[PDB]
Amino acid sequence: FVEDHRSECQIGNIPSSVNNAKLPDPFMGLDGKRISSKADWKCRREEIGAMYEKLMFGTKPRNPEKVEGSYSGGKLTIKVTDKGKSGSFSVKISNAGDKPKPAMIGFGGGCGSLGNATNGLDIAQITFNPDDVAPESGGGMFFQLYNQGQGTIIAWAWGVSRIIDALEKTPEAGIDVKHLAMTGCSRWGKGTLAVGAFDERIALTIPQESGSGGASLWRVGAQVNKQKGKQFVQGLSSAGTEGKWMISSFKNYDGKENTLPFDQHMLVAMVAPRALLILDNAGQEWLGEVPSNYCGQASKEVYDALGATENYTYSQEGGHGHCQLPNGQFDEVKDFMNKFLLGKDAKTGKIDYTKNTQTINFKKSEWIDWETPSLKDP
Ligand SMILES: [Zn+2]
Ligand SMILES: [Zn+2]
């Protein structure tokens, strides 16, 4: 039970430019060799994260000197010691536990945007206000401790990682750290994806309407915008500027998405093989209906290769308001939370899109020219 295995893996050269109008291969090691075993994924996963930290998010500070947790009055207060100073933040908690309880962590300050989809599930709720660590205006407690030009998203992933640190040594909070989910919508759907991708202790990642910078293909977004003759979908530059989410260099890819050494199917692949339920909308122009769908479809290759097809679902339902989840997706939320948080079996693993407003025609031959290997068991 571990945040990541980065220190167990040798990270080689990270190029910042390629020439590839197709999706980059996620099974291609930095050492130039394709992986063949499921055991090779431990380190291949770290190599992808290191690429995102170098190229898009910024470096995730690791191994903090000390994390202290205290639980009082339904609020968990986390004090982090690092780099000569201290930084503190607190999260609200609902439900409790001698008898620890599985928990959903949600951006807020509401706790995420799943609404009544969780009603009837005896799980705890932890609200994380990302402004406590890194407001989109800049500044924040994170940047009191650190100063390597990171963006705000990786500061939120750091934040949630420190919540889990404090939880592991605060049993009076009454939370089962072995059964934790993460969720959030829109800007906090981009935040949720990165959170679950960069902390392996998140057992269920539920990014909602995460859009550009989230689970949406940079190359497909740029294609759609060329087909429309205008910025129909939120483009790379805009996602690389808004909210200080990304490092300042990332927006320089904007006219040249084919030079990206990655695409967002590889961020999704950082969550594998842990459970991942992507809740998407449709008919939202800026959100990117087609590039999000195509990211959803393309990302299945890594989960299939690891033999974890049952742990990944992309669910797109349009025809409803932004971040207001329709009842047609309540069954998804309940099935995954029962399965991966509460130990109750359910049929999971699906690629489903309905109530679209654009033509959905994902042809693997256009976007994927690498074979999906058969990763062997050791
Ligand atoms: Zn690992
Ligand atoms: Zn459903």
Side-chain angles (χ1 to χ4, degrees), residues 1-11 26-27 29-30 35 37-53 60 62-63 113-121 157 160-161 164-165 168 177 180 182-183 185 194-209 266-282 293 296 302-303 305-308 311-320 324-340 346-356 375 377-378:
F1 206 51
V2 48
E3 174 179 332
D4 61 61
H5 296 97
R6 186 65 61 87
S7 51
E8 306 184 2
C9 302
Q10 169 63 29
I11 300 297
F27 307 95
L30 292 177
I35 59 165
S37 200
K38 302 191 208 188
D40 299 337
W41 184 247
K42 189 237 297 201
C43 284
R44 184 52 199 145
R45 211 194 68 82
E46 299 300 340
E47 297 175 16
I48 294 173
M51 173 170 291
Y52 271 98
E53 292 174 61
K60 201 198 182 191
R62 298 181 161 86
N63 322 283
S113 298
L114 306 181
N116 288 329
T118 55
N119 295 0
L121 303 162
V160 177
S161 309
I164 303 171
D165 282 358
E168 273 174 347
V177 293
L180 289 172
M182 189 78 222
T183 203
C185 188
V195 159
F198 280 90
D199 198 316
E200 296 187 33
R201 298 167 293 179
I202 295 310
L204 168 62
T205 299
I206 316 187
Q208 185 180 3
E209 303 183 37
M266 288 166 53
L267 186 57
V268 169
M270 291 184 66
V271 187
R274 279 164 299 125
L276 167 68
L277 172 63
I278 296 172
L279 301 182
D280 199 5
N281 210 348
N293 181 286
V302 173
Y303 275 94
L306 302 152
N311 308 140
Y312 170 55
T313 285
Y314 170 75
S315 174
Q316 195 180 35
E317 178 176 333
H320 62 83
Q324 300 152 22
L325 193 73
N327 265 259
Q329 279 166 323
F330 284 22
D331 51 306
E332 270 61 77
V333 168
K334 291 202 184 56
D335 275 359
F336 273 76
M337 289 195 179
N338 273 322
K339 194 175 194 171
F340 304 99
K347 186 220 197 91
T348 58
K350 187 174 57 171
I351 306 286
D352 187 66
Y353 45 95
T354 74
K355 293 189 187 52
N356 290 97
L375 299 175
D377 310 84

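Throughout, numbering of the chain's residues begins at 1 and tracks the sequence. For ligands, and for the atoms within them, numbers begin at 1 and follow the listed sequence.
For the Zn ion (ligand 2), protein N/O/S neighbours under 2.8 Å (waters excluded) are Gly328 O, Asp331 OD1, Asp331 OD2, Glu332 OE1.
With waters left out, the protein N, O or S atoms under 2.8 Å from the Zn ion (ligand 1) add up to 3.
No side-chain donor-acceptor contact under 3.5 Å links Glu46 to the backbone of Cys9. Checking side-chain atoms of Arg44 against main-chain N and O of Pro26 turns up a donor-acceptor pair under 3.5 Å. For the pair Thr313 (side chain) and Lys350 (backbone), a donor-acceptor distance under 3.5 Å is present. Between the side chain of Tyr312 and the backbone N or O of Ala272 there is no donor-acceptor pair closer than 3.5 Å. Judged by distance alone, the side chain of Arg45 and the main-chain N or O of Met270 form a donor-acceptor pair under 3.5 Å.
With rounding to the nearest 0.5 angstrom, the CE atom of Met51 is 5.5 Å from the CG atom of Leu30.
With respect to the salt-bridge test (charged N to carboxylate O, under 4.0 angstrom), the residues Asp335 and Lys347 do not qualify. Contact check on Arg62 versus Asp4 returns a salt bridge, with a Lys/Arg side-chain nitrogen under 4.0 Å from an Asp/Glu carboxylate oxygen.
Put simply, the residue from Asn293, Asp352, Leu279 that forms a side-chain contact (heavy atoms from CB on, under 4.5 Å) with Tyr314 is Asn293.
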